[PDB]
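Given next are the chains, with one letter for each unit.
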Amino acid sequence: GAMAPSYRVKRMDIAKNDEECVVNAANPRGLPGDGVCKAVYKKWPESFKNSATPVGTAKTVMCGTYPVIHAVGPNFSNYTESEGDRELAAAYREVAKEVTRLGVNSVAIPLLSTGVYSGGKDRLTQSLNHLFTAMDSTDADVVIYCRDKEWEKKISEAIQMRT
Ligand SMILES: O=C(N[C@H]1CCS(=O)(=O)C1)c1cccs1
Ligand SMILES: [Cl-]
Ligand SMILES: [Cl-]
Ligand SMILES: [Cl-]
């Protein structure tokens, strides 16, 4: 584990992360997809061999020795707010189990269900809070990746508030 486990946020492409493993914001069918998923496909295409997995789950596939944890958040266009909230929390709990099993000291993670799966709603606080609930009991250094300047500021504020 990390000597003093921390949370940090960076505004940049997660495909250029400086961590020991990455979490992909995957679709259930293991397709190249869009956004983070397409960037992950271009950087680690080998990790998409048998990566299909249901909503609310995570499935790890190596690219060489580098782990890619495919986490499938719900598409809020399809689920009700109640059911989607439950599956979003579940996807993050499965990420925590995989990070622990892998024994890594750091992990790069995006905010699940905040892009094309958001159903057109701002889900920063909802997704980030489920990320904290799952990852708080792990000892890996967590680095959250985002692309928007206002989101970077809000995530950074939420991290610092708890310290
Ligand atoms: O790329 C994202 N979501 C993926 C869900 C499956 S997909 O439709 O292929 C795109 C992101 C999540 C957060 C920021 S971007
Ligand atoms: Cl970048
Ligand atoms: Cl998304
Ligand atoms: Cl963002």
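Residues numbered from 1 in each chain as written, not as in the entry; some residues may be left out. Chains lettered and ligands numbered in written order. Heavy atoms only, no water.

- The deposited coordinates, according to the entry record, derive from X-ray crystallography at 1.520 Å resolution.

1. Structural notes on the layout of surface pockets
Any empty space left between atoms is shown by rolling a water-sized probe over those atoms.
No. 1: In this structure, the largest pocket encloses a volume near 700 Å³.
No. 2: As for the largest pocket, its lining consists of 27 residues, of which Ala25, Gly35, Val36, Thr114 and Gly115 are closest to the centre.
No. 3: Elements supplying a minimum of two residues to the lining of the largest pocket: α1 (36-43) and β6 (141-146).
No. 4: The leading source of residues in the lining of the largest pocket is α1, at 3 residues. (1 Å grid on protein atoms, 1.4 Å probe; cavity = no way out; pocket = protein on both sides within 12 Å on 5 of 7 lines; lining within 4 Å. Points joined across faces, edges and corners; volume = space filled by probe spheres on them. Helix = DSSP H or I, 4+ residues; strand = E, 2+ residues; numbered from the N terminus.)

2. So, the side chain of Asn17
No. 1: Secondary-structure assignment places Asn17 in the loop between β1 (7-11) and β2 (22-25).
No. 2: Within the structure, the side chain of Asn17 is placed 2.9 Å from the backbone oxygen of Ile14, a separation counted as a polar contact.
No. 3: Once residues lying within four places of it in the same chain are set aside, the contact partners of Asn17 are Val22, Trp44, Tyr66, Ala108 and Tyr145. (Polar contact = N/O pair within 3.5 Å; in protein donor to acceptor, adjacent residues only side chain to side chain. Contact = heavy atoms within 4.5 Å.)

3. Focus: the pairing of strand β4 (residues 66-71)
Regular strands show a simple pattern: their side chains alternate between the two faces of the sheet.
No. 1: The element β4 is largely enclosed, with a buried count of 6 among its 6 residues.
No. 2: Alternating positions in β4 separate into two faces, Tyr66, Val68 and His70 on one and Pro67, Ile69 and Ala71 on the other, with burial throughout.
No. 3: Here β2 runs beside β4; their pairing, made up of 4 bridges, is parallel. Within the sheet, the bridge partner assigned to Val22 lies in β4 and is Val68.
No. 4: Taken together, strand β3 (residues 58-63) and the strand that follows it, β4, pair antiparallel across an intervening segment of 2 residues, in which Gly64 is found at a positive phi of about 70 degrees. (Buried < 20%, exposed > 50% of the residue type's maximum accessible area, 1.4 Å probe, protein only. Pairing = 2+ DSSP bridges.)

4. Some remarks on the pattern of salt bridges
No. 1: Scanning the model with the defined rule gives 9 salt bridges in all.
No. 2: The closest approach of N and O atoms between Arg101 and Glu98, which form a salt bridge, is 2.9 Å. Separated by 3 residues within a single helix, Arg101 and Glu98 lie in helix α2 (residues 81-102), roughly one turn from each other.
No. 3: The closest approach of N and O atoms between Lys153 and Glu150, which form a salt bridge, is 3.2 Å. One end of the pair is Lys153 and the other is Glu150, both in helix α4 (residues 149-161) and 3 residues apart, which spans about a single turn.
No. 4: In the salt-bridge network here, residues are joined through shared partners; they are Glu81, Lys121 and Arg123. (Salt bridge = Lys/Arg side-chain N within 4 Å of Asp/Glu carboxyl O.)

5. Regarding α1
No. 1: Listed in full, the buried residues belonging to α1 are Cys37, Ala39 and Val40. Angular distribution of buried residues about the axis of α1 spans 160 degrees; they occupy a single face of the element.
No. 2: Contacts made by the buried residues of α1 are with β2 and β4. (Arc of directions from axis to C-beta.)

6. So, the site of ligand 1
No. 1: Around ligand 1 sit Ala25, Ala26, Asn27, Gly33, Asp34, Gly35, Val36, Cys37, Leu111, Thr114, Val116 and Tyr117, and that is every residue in its neighbourhood.
No. 2: Contact distances for ligand 1 include 3.3 Å between an oxygen atom and a backbone N or O atom of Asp34.
No. 3: Contacts to ligand 1 include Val36, whose backbone N or O atom sits 2.8 Å from an oxygen atom.
No. 4: Bound to the protein, ligand 1 loses 85% of the 400 Å² it would expose on its own. (Near = heavy atom within 4 Å. Areas by Shrake-Rupley, 256 points an atom, 1.4 Å probe, with all protein chains shown as cover.)

7. As for the pairing of β3
No. 1: Pairing geometry for β3 and β4, over 6 bridges, is antiparallel. Opposite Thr60, over in β4, you have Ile69 as the bridge partner.

8. Focus on the packing of α2 against helix α3 (residues 124-135)
No. 1: Contact geometry for α2 and α3: axes closest at 8 Å, N-to-C directions at 40 degrees. The handedness of the crossing between α2 and α3 is right-handed. The segment α2 lies against α3, with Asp85, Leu88, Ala89, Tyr92, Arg93, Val95, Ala96 and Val99 engaging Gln126, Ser127, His130, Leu131, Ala134 and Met135.
No. 2: Taken together, the residues of the contact of α2 with α3 sort by class into 9 nonpolar, 3 polar and 2 charged. (Axes fitted to C-alpha atoms, helices over the stretch in contact; angles between N-to-C directions. Left-handed = near helix turned anticlockwise from the far one by under 90°. Nonpolar A, V, L, I, M, F, W, Y, C, P; charged D, E, K, R; others polar.)

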